[PDB]
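Presented below is the structure to which this report refers.
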Amino acid sequence: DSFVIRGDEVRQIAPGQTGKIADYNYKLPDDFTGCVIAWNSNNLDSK
Amino acid sequence: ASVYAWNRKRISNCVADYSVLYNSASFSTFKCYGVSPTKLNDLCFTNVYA
């Protein structure tokens, strides 16, 4: 699953977690199996 | 206040929504103990202090 978010919201993308990104558009299962991988993209996605 | 001095508001006789604070971009932490910040709106207390 591939997408962009503001850096403050990276902590919402987990099993069990809650917030506007975790509720309203990207919810993980509360027993998720897998990895969440992220890096800053300020060199590509900012203008 | 200075951290040696720290004032203490007592909150009483009133209604509050805690989700307004929990969804705010203002805060660098929100760590909760003995209650969860998602649950506070469903639950209530004799005094609250800040």
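Identifiers for the structure tokens are assigned positionally: chains receive A, B, ... in sequence, residues are indexed from 1 per chain, and ligands are indexed from 1 in the order shown.
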| task | List every residue of chain B that DSSP, applied to the backbone of this structure, assigns to strand (DSSP E), and report them as a ChimeraX atom specification. | result | /B:10-11,48-49
| Which residues, written as number ranges by chain, have at least one atom at most 8 Å from segment 18-35 of chain B, with only C-alpha atoms counted and residues fewer than 4 positions away on the same chain left out? | A: 19-20; B: 39-41
| request: Could you please write out, as a ChimeraX atom specification, every residue of chain B that DSSP assigns to helix (DSSP H, G or I)? | output: /B:19-22,40-42
| said: Using Å and a single decimal, report how far atom CA of residue 3 of chain A sits from atom CA of residue 26 of chain A. | reply: 9.8 Å
| task | Might you pull out every residue within 9 Å of segment 29-31 of chain A, with only C-alpha atoms counted and same-chain residues fewer than 3 positions away left off, and present them as a PyMOL selection string? | result | chain A and resi 14-17
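Checking A:37, A:28, A:44, A:22 one by one against chain B, counting only C-alpha atoms, you find the shortest gap at A:22.
Atom CA of residue 40 of chain A sits 15.5 Å away from atom CA of residue 12 of chain A.
Straight-line separation from atom CA of residue 10 of chain B to atom CA of residue 48 of chain B: 6.0 Å.
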